[PDB]
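Throughout, residue positions are numbered sequentially from 1 according to the sequence presented. Worth knowing before you read on, the calculation uses all heavy atoms, side chains too, and leaves out hydrogens, waters and symmetry mates.
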Amino acid sequence: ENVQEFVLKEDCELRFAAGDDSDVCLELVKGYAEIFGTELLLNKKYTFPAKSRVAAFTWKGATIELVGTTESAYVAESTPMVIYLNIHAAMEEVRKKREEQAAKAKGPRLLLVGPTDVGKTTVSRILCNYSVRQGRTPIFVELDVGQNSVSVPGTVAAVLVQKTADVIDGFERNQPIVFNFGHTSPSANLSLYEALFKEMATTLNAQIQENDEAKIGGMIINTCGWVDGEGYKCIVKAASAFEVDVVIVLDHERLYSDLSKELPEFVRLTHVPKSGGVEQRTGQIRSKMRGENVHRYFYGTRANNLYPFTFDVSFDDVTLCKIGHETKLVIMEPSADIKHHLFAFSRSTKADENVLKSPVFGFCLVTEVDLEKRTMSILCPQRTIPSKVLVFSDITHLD
Ligand SMILES: Nc1ncnc2c1ncn2[C@@H]1O[C@H](COP(=O)(O)OP(=O)(O)O)[C@@H](O)[C@H]1O
Ligand SMILES: [Mg+2]
């Protein structure tokens, strides 16, 4: 196996992309290092899959071995990483201020905005890990229905962070809160999109009243890339709904300029550049990655395999429905057209107006439709269905 050795000076990162067709393994052999905020263990081997784009950064100096074929691999000497540490430091300062003023203290809340392909998701992950290493437990909030890191696409979601992200797998998806939007773009149904992120904010505000540690943890919030026309108005509305203290704008000067003139004055607005390590993606790449996220939901990861169940469900044992004039519930008659679509298990026990704003237990995928036998085959994370009310998503997946 072909090997590449890299010496990283303090404040440098090894940026690499796995080949189109192979894994790459990483081992820290001396010193200290981290990947998007999680500390590496000395002499532990970390294995990454094809087309991964990764950076391993060190604060003190490290020597790192890479095993396998790479499409690119270089050490960058200039990064925005101190910018992110300082965003973390400022958040923890706000916690301690509010803790002594409450002797319960409420943690700070941060909104990340900008167009697609600027490193927005990655920055969210760094900030979450730094909070955990400090002894704190933050809440991560995901509003990108096109590229979601907590649940399936076409969702808005949130999760309590109690341990640093796994280097390969990201954050433990241990009991998230999840809502189904059912399209990849907010422009498909603008008024529904806005209604869902409002309900998310309301739900989280009630949860933290029962957990002092999560309350003081605070929130880190990832947005979609729609910044023009009606997308602009969407950004302003999310900032008010989550009562954010801080807005971080990545790489859009007209947007930063326009928002400085509209946001309330107490909101701290910071423009930051995108990392030189972020590459432009195309229409086909995002669509492809949506498929891969769906696969993970059911089957898990290499390190922690999930073992999903495939079983049949009678149409008499469930109710199928679709949202959307724009935000009305419509009951679906099973047809050949639902094949390949995701459906959410609503926490609502009936197919009501309450379906619209209820979170979900999780999802299934409709793999087959037998119109004559009146059954469908589904893929499901647990042995029996957690709910009888199934909600349509326009997201399709060929499994
Ligand atoms: N410093 C970096 N070096 C190398 N790759 C990076 C770096 N930061 C982010 N990436 C990669 O670039 C891609 C795009 O980043 P992402 O955070 O998903 O962008 P956005 O959320 O703005 O669309 C991801 O594969 C991510 O892992
Ligand atoms: Mg993103």
Side-chain angles (χ1 to χ4, degrees), residues 36-37 80-99 105-115 118-144 147-150 156-162 164-165 170-171 176-177 197-198 200-205 207-208 211 213-225 227 234-252 255-256 259-260 262-275 278:
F36 304 138
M81 283 301 297
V82 69
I83 295 172
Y84 316 143
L85 175 62
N86 289 355
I87 294 158
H88 160 77
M91 275 190 101
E92 170 66 24
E93 292 169 51
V94 177
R95 285 184 197 109
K96 291 206 172 86
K97 281 227 185 191
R98 291 180 187 183
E99 277 182 316
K106 173 161 88 145
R109 301 182 183 185
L110 181 150
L111 188 76
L112 294 150
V113 312
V118 300
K120 194 193 296 173
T121 295
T122 298
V123 171
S124 308
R125 176 170 168 171
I126 289 162
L127 296 172
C128 290
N129 284 326
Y130 286 2
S131 295
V132 174
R133 292 165 63 176
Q134 190 72 65
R136 308 290 194 179
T137 68
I139 299 174
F140 174 52
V141 181
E142 175 63 279
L143 305 182
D144 191 353
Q147 290 289 313
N148 194 302
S149 62
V150 173
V156 170
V159 74
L160 178 67
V161 185
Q162 300 185 251
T164 47
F171 293 108
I177 298 163
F197 69 59
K198 286 176 176 163
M200 173 65 81
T202 309
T203 307
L204 293 174
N205 292 333
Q207 305 284 312
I208 68 192
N211 184 333
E213 290 83 348
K215 193 176 191 176
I216 193 55
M219 305 185 180
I220 294 145
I221 306 161
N222 183 55
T223 59
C224 79
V227 304
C234 207
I235 292 169
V236 174
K237 293 180 194 252
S240 51
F242 286 89
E243 298 178 297
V244 303
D245 300 281
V246 186
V247 171
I248 309 294
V249 183
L250 291 83
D251 192 33
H252 205 298
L255 184 61
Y256 171 87
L259 285 181
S260 70
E262 202 165 346
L263 288 170
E265 66 186 307
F266 71 92
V267 174
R268 177 162 160 166
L269 183 81
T270 306
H271 193 269
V272 306
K274 65 180 170 161
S275 176
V278 182

Which atom pair, heavy atoms only, marks the closest approach of [X] to [Y]?
X	Y	value
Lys274	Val118	CB-O, 3.3 Å
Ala241	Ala201	O-CB, 3.3 Å
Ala157	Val150	CB-CG1, 3.7 Å
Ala105	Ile216	CB-CD1, 3.5 Å
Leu160	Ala214	CD1-CB, 3.6 Å
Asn129	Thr164	OD1-CA, 3.3 Å

Just how far is it from atom [atom1] of [X] to atom [atom2] of [Y], taken to the nearest 0.5 Å?
X	Y	atom1	atom2	answer
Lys215	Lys106	NZ	NZ	8.0 Å
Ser124	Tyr84	OG	OH	10.5 Å
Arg136	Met91	CZ	CE	10.5 Å
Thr121	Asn148	OG1	CG	9.0 Å
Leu85	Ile126	CG	CD1	10.5 Å

Set of salt bridge (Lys or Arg N to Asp or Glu O under 4.0 Å) partners for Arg109, sequence neighbours left out = none
What residues form a salt bridge (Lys or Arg N to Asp or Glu O under 4.0 Å) with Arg268, not counting sequence neighbours?
-> none
How far apart are the C-alpha atoms of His271 and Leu255, what are their side-chain angles, what is the distance that settles it, and do they pass the side chain to side chain contact (heavy atoms under 4.5 Å, CB included) test?
-> CA-CA 10 Å; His271 193 269; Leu255 184 61; over 6 Å; no
Distance-only, no hydrogens or angles: does the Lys120 side chain make a donor-acceptor pair with backbone N or O of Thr223 under 3.5 Å?
-> yes
Between the main-chain N or O of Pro115 and the side-chain N or O of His252, is there a donor-acceptor pair closer than 3.5 Å?
-> no
So, do [X] and [Y] sit near enough that their side-chain heavy atoms are less than 4.5 Å apart?
X	Y	value
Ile248	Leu110	yes
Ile235	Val227	yes
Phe140	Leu127	no
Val141	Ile220	no
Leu269	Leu263	yes
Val244	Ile221	yes
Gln207	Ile177	yes
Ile139	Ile208	yes

Verify the distance criterion only: is there a donor paired with an acceptor across the side chains of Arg95 and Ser131 at less than 3.5 Å?
-> yes
Pair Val267-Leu111, side chain to side chain contact (heavy atoms under 4.5 Å, CB included): steps then yes or no = CA-CA 10 Å; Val267 174; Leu111 188 76; over 6 Å; no
Of all pairs that satisfy side chain to side chain donor-acceptor pair (under 3.5 Å), the ones with a partner from residues 235-245, not counting sequence neighbours | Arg98-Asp245
Full working for side-chain hydrogen bond (donor to acceptor under 3.5 Å, both in side chains) between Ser149 and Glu142 = CA-CA 7 Å; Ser149 62; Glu142 175 63 279; 3.2 Å; yes
Chi angles and distances behind the side chain to side chain contact (heavy atoms under 4.5 Å, CB included) call for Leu143, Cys224 | CA-CA 6 Å; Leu143 305 182; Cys224 79; over 6 Å; no
Take the angle between the ring planes of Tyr130 and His88 and call it parallel below 30°, perpendicular above 60°, tilted in between.
-> perpendicular
Please lay out, stage by stage, how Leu250 and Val113 fare under the test side chain to side chain contact (heavy atoms under 4.5 Å, CB included).
-> CA-CA 6 Å; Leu250 291 83; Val113 312; over 6 Å; no
